[PDB]
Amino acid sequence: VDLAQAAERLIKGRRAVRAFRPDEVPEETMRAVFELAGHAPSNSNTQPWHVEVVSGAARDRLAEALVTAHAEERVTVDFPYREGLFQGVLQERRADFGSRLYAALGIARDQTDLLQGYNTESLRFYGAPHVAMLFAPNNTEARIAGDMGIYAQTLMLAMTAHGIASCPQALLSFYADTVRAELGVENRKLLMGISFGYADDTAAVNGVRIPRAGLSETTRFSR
């Protein structure tokens, strides 16, 4: 395996997977993956990430607690929304993603109950046997959050290298107090959760193909 070919395979191969088989990732493989992810760089080598990996009965209790919190409207998000977050082309991209996702699920925007069933399953980690909750310092701002993203991508690519599918989910961070209470975590903010395991390649949702903007839209070269 040539390095240039390997990076293309990992980077393009990793996709947000929304339906998993129940089979667990072997403990030795999970150890190798999370050890490798720790090699992510960060400002001054601060490594601000605190990662809680949940499996088995603890993962089942956590899924049920999230479903209950969602039903009781107990939203406890650590990161507030900022006005005008997605305007212009950012809004166009979100709308296009939403349309492709709902078309792959076979759901129309007006089918409120079907959107509910789908979102209940999202809180059950899309059936994934494992979830990694990415906690960050209480004073996390843009620079620290950037490092949390560097880590998240290092982890997802290390998972892809071992045939482990993943879904990064901001949704899980909307019930941060529930995650903290279940896991006994104190004085840390929850940025996202990453559901992981082995993809169910028969699920239509895993056939969704999300495009990218391309060089003309993202990059400029000057000399």
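Residue indices: 1-based, along the sequence shown.
- When the mean C-alpha temperature factors of 66 to 74 and 162 to 170 are read from the deposited coordinates, 66 to 74 comes out higher.
- Taking the PDB entry as given, 57 to 65 carries the higher mean Cα B factor of the two stretches 57 to 65 and 187 to 195.
- Highest C-alpha temperature factor among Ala152, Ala104, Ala145, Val131, as the PDB entry reports it: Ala104.
- Among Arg18, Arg21, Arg14, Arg209, the highest C-alpha B-factor recorded in the PDB entry belongs to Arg209.
- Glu27: CA B factor in the highest third of modelled residues in this chain (values from the PDB entry).
- Among all modelled residues in its chain, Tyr118 ranks in the highest third by Cα B-factor.
- Sort the modelled residues of the chain by CA B factor and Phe135 lands in the lowest third.
- In the PDB entry, a CA B factor belonging to the lowest third of its chain's modelled residues is recorded for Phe125.
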